[PDB]
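Enquirer: Just dropping in an experimental structure and the matching sequence.
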Amino acid sequence: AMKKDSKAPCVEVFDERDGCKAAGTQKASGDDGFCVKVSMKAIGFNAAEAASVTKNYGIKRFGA
Amino acid sequence: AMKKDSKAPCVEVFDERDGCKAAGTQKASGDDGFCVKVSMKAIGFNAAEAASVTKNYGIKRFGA
Amino acid sequence: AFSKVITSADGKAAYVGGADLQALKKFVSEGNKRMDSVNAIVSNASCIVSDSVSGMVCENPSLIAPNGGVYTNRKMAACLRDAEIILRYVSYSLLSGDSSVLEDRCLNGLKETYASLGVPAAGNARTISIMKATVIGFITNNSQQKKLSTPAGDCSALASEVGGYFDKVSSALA
Amino acid sequence: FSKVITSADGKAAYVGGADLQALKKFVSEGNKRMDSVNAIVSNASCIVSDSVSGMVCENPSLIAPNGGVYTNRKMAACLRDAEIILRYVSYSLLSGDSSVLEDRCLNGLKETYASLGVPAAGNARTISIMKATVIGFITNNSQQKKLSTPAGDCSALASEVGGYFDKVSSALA
Ligand SMILES: *CCC1=C(C)C(=O)N/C1=C\c1[nH]c(/C=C2\N=C(C[C@H]3NC(=O)C([C@H](*)C)=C3C)C(C)=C2CCC(=O)O)c(CCC(=O)O)c1C
Ligand SMILES: *CCC1=C(C)C(=O)N/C1=C\c1[nH]c(/C=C2\N=C(C[C@H]3NC(=O)C([C@H](*)C)=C3C)C(C)=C2CCC(=O)O)c(CCC(=O)O)c1C
Ligand SMILES: *[C@@H](C)[C@H]1/C(=C/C2=NC(=C\c3[nH]c(C[C@H]4NC(=O)C(C=C)=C4C)c(C)c3CCC(=O)O)/C(CCC(=O)O)=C2C)NC(=O)[C@@H]1C
Ligand SMILES: *[C@@H](C)[C@H]1/C(=C/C2=NC(=C\c3[nH]c(C[C@H]4NC(=O)C(C=C)=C4C)c(C)c3CCC(=O)O)/C(CCC(=O)O)=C2C)NC(=O)[C@@H]1C
Ligand SMILES: *[C@@H](C)[C@H]1/C(=C/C2=NC(=C\c3[nH]c(C[C@H]4NC(=O)C(C=C)=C4C)c(C)c3CCC(=O)O)/C(CCC(=O)O)=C2C)NC(=O)[C@@H]1C
Ligand SMILES: *[C@@H](C)[C@H]1/C(=C/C2=NC(=C\c3[nH]c(C[C@H]4NC(=O)C(C=C)=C4C)c(C)c3CCC(=O)O)/C(CCC(=O)O)=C2C)NC(=O)[C@@H]1C
Ligand SMILES: *[C@H](C)[C@H]1/C(=C/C2=NC(=C\c3[nH]c(C[C@H]4NC(=O)C(C=C)=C4C)c(C)c3CCC(=O)O)/C(CCC(=O)O)=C2C)NC(=O)[C@@H]1C
Ligand SMILES: *[C@H](C)[C@H]1/C(=C/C2=NC(=C\c3[nH]c(C[C@H]4NC(=O)C(C=C)=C4C)c(C)c3CCC(=O)O)/C(CCC(=O)O)=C2C)NC(=O)[C@@H]1C
């Protein structure tokens, strides 16, 4: 059932084959540069983006 | 002196005059809807955005 | 694999790399292109959502007038949030190669909720159709401002698949 | 907000209510100023990405091997610095002065960039575009997004923030 709690799967994909590693970020076993992360997070309200869309909805962006 | 620690003043400006309040966000004294927050934060690397610029730098955006 | 995350009380993150990720990419079709496809959605989630909601409004601007579905920033923000929620469940369907969780945790009861609140179905239908169009545009190199940083090739099968997940949403909310 | 910055404490300061009403008396055009700071920080990502992109598109050698932003780390570090600089400029505009920008961002930066091979021409193009973009928002000359403000004249704040960018340009020329 849809729980009404705003929580959704937040998927993150990583391709780090240049070998640039940020400290603290090794969370699974591997040395080929690839990782997938999934968490369940409440998706927040974004007042700034709501303000912007309310003002700017009538502008065609990105050659759409 | 520039401390070489990547830290910069991160300013957030809040205009909540429409009366929409989020639980756990009252951090100052006032009822007029206005607030300014400032913290010093290390500015992080965004590999996804670096990748995007590397691919997409030659497309003019935003009527620029 | 990530199913524990969907059901955990607090949804703390799970990670898959190395040999476990090698295995994962074998159980879904076109694993490498599929990961690029999921990355395209989540890396661009903000613009996908804002462009789609903006287009629903520019086609029917009574939605932001009084009595309109996204009048006031509180409602606008709630709509943008929902569109991101839906997009994120679609992203997870494409990662996993099936729609069980989208159907169960996102769509089950959602129409009934929108009908009780008065969320306009015609607006919802247009927001979804634009998100669908935008995601497929990215995956098929038809996005005009930004292209994906991938090896060149054909992703048409993944475009059809993600389109089918969006159609599950459109059908549920019709 | 000097406490926040003087110390590396890392803690946030908040000001609202009559306190913020008073603080806005100590800088000119308080309300338009807060709109101007908000425009900078709300659009920080796109201001930075458009300015660094413009850098590269006028000198695409910068992303060839041996170029200033070849590899993802070097590009990412450059985007990071551009955002650092923009944020110190946003703080100068909030406070009406450039003391922190000078002491904590510019002081020693020319010499660091000389050591590390961060090219001055590229920096100059990125700063000029960030300056143009920020002034564009504040003056209703941005084309894809407009601010949600009353219509009015913000030319004085545009000239003030332009002067902050010019302090950066002069330091790094
Ligand atoms: C934050 C993104 C944005 C929105 C949204 C908006 O409405 N305007 C936005 C950005 C913006 N950019 C400029 C000005 C310039 N941008 C560039 C870089 C691009 N030009 C290229 O040739 C290129 C590579 C192909 C780019 C990438 C440049 C060069 C400028 C001009 C700088 C100058 O000296 O004048 C502005 C200012 C207003 C405008 O439309 O030009 C804004 C608001
Ligand atoms: C994520 C932002 C983005 C980038 C970056 C990029 O390169 N393309 C991007 C978005 C994108 N949008 C579409 C398709 C549509 N967008 C809209 C809404 C806008 N049109 C309006 O009339 C309107 C108000 C004035 C808008 C705002 C619409 C209607 C579509 C078409 C939907 C449809 O049913 O086809 C795409 C798809 C590719 C394209 O260029 O059309 C993309 C990639
Ligand atoms: C209602 C759903 C709105 C909405 C409100 C949100 N505000 C969020 C963060 C936030 N807002 C303020 C300003 C507020 N706090 C005060 O102390 C005062 C004045 C004395 C005011 C006017 C602050 C300081 C903060 C951040 C708190 C901090 O940094 O510690 C917020 C974020 C919650 C989250 O990210 O999960 C929300 C949702 N947002 C909307 O879209 C509608 C219109
Ligand atoms: C070097 C400075 C790069 C850079 C790398 C960053 N990665 C960040 C987050 C991150 N990366 C991974 C993948 C990595 N961890 C693993 O366990 C595996 C394989 C088993 C790999 C390939 C993960 C999982 C994460 C998130 C860490 C977590 O969820 O706890 C990261 C932080 C991003 C931020 O602070 O916003 C960085 C900086 N980024 C760059 O731009 C250069 C090119
Ligand atoms: C439609 C989606 C795109 C398109 C995508 C392609 N990707 C191709 C190969 C490929 N992508 C990755 C990275 C991916 N694999 C992972 O495990 C993760 C992170 C966990 C990522 C982000 C890899 C490793 C590969 C193999 C090739 C390589 O590394 O150079 C690809 C070539 C065909 C294939 O291998 O199936 C395509 C076409 N390309 C397009 O033009 C549209 C826009
Ligand atoms: C260039 C800056 C802009 C321009 C901005 C204007 N803002 C005006 C009045 C105004 N703005 C606010 C919000 C502001 N004050 C705060 O304390 C905070 C949050 C902490 C913010 C975001 C207020 C409260 C006001 C006064 C009440 C109102 O007018 O709604 C304004 C009118 C002139 C003036 O009051 O000085 C202007 C022109 N307008 C433009 O066209 C460019 C893009
Ligand atoms: C955007 C394209 C729509 C629009 C959306 C609105 N939804 C509103 C409230 C709302 N939405 C949900 C479903 C959401 N919560 C979840 O947990 C999940 C899935 C896990 C989803 C997709 C709920 C439960 C609620 C009410 C409870 C809550 O918000 O926490 C909403 C506010 C409506 C109102 O208050 O009258 C809006 C505006 N509205 C539109 O016009 C366009 C078409
Ligand atoms: C972008 C428009 C440039 C570009 C910039 C690069 N900067 C690089 C490294 C770097 N930048 C700083 C200064 C930065 N750190 C701070 O703490 C502050 C202010 C508080 C500033 C503005 C430092 C100290 C460093 C080296 C240490 C680090 O990376 O954390 C950089 C990488 C150089 C290297 O790896 O040695 C680049 C590419 N490069 C360009 O070509 C355009 C013009």
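Expert: Yes, it's here. Numbering: from 1, shown residues only, chains lettered A, B, ... in the order given. Ligands and ions are numbered 1, 2, ... in the order given.
Enquirer: Any figure for the gap between residue C:19 and ligand 8?
Expert: 32 Å (CB to the nearest ligand atom, to the nearest Å). All C-beta atoms are positioned from the backbone trio N, CA, C, and that covers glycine.
Enquirer: Show me the helices in chain C, by range?
Expert: Under the criterion DSSP state H, chain C contains helices at C:3-7, C:18-27, C:31-43, C:45-59, C:73-96, C:100-101, C:110-117, C:121-139, C:156-173.
Enquirer: Ok, chain A next?
Expert: Using DSSP H, helices in chain A cover A:47-56.
Enquirer: and residue C:163, how many neighbours?
Expert: 17 (other CB atoms under 10 Å in any protein chain shown).
Enquirer: Relative to ligand 1, which of the helices of chain C is closest?
Expert: helix C:45-59 (10.6 Å; CB to the nearest ligand atom).
Enquirer: Leaving out sequence neighbours, find the closest residue to the residue in chain A sticking out farthest from the centre.
Expert: Outermost residue of chain A with respect to the C-alpha centroid, by CA atoms, centre = their mean, is residue A:58; its distance is 26.1 Å. Distance criterion CB to CB, 6 or more residues apart in numbering or on different chains; nearest residue to residue A:58, sequence neighbours excluded, is residue C:58 at 4.9 Å.
Enquirer: For ligand 2, see how far away residue C:72 is.
Expert: 20 Å.
Enquirer: Counting neighbours, what do you get for that residue?
Expert: 16.
Enquirer: Could you confirm whether stretch A:3-12 reaches ligand 5?
Expert: No - using CB under 6 Å from any ligand atom, stretch A:3-12 never reaches ligand 5; the gap is at least 9.5 Å.
Enquirer: List the buried residues in that stretch.
Expert: For stretch A:3-12, a neighbour-count test (16 or more other CB atoms under 10 Å in any protein chain shown) marks A:7-12 as buried.
Enquirer: does any part of it sit near ligand 4?
Expert: No - shown here: stretch A:3-12 not in contact with ligand 4 (CB under 6 Å from any ligand atom), separated by at least 6.8 Å.
Enquirer: hmm, who's touching that stretch?
Expert: A:36-44, C:2, C:5-6, C:11, C:38, C:42, C:81, C:84-85, C:88-89, C:91-92, C:95, C:101, C:105-106, C:113 (CB atoms under 8 Å, 6 or more residues apart in numbering or on different chains).
Enquirer: Distance from the chain centre to that stretch, please.
Expert: Relative to its chain's centre, stretch A:3-12 lies at 11 Å (CA atoms, centre = their mean, to the nearest Å).
Enquirer: coming back round to it: would you turn the buried residues of stretch A:3-12 into CSV with distance to residue C:139?
Expert: Formatted as CSV, those follow (distance: CB to CB, whole Å):
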residue, distance to residue C:139
A:7, 26
A:8, 20
A:9, 19
A:10, 20
A:11, 15
A:12, 18
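Enquirer: List just the nearest of these to residue A:51.
Expert: For these, the minimum distance to residue A:51 (CB to CB) is 22.8 Å, reached by residue A:8.
Enquirer: does the closest one have beta-bridge partners, and which?
Expert: residue A:41 (DSSP bridges).
Enquirer: And it, how far from residue C:87?
Expert: Going from residue A:8 to residue C:87 by CB to CB, to the nearest Å gives 9 Å.
Enquirer: Ok, residue C:148 next?
Expert: On the measure of CB to CB, residue C:148 and residue C:87 end up 16 Å apart.
Enquirer: The residue of chain A found nearest chain C: what's it in contact with?
Expert: In chain A, the residue that lies nearest chain C is residue A:40 (2.5 Å; CB to the nearest CB). Residue A:40 sits next to A:7-10, C:5-6, C:8, C:10-11 when contact means CB under 8 Å, 6+ apart.
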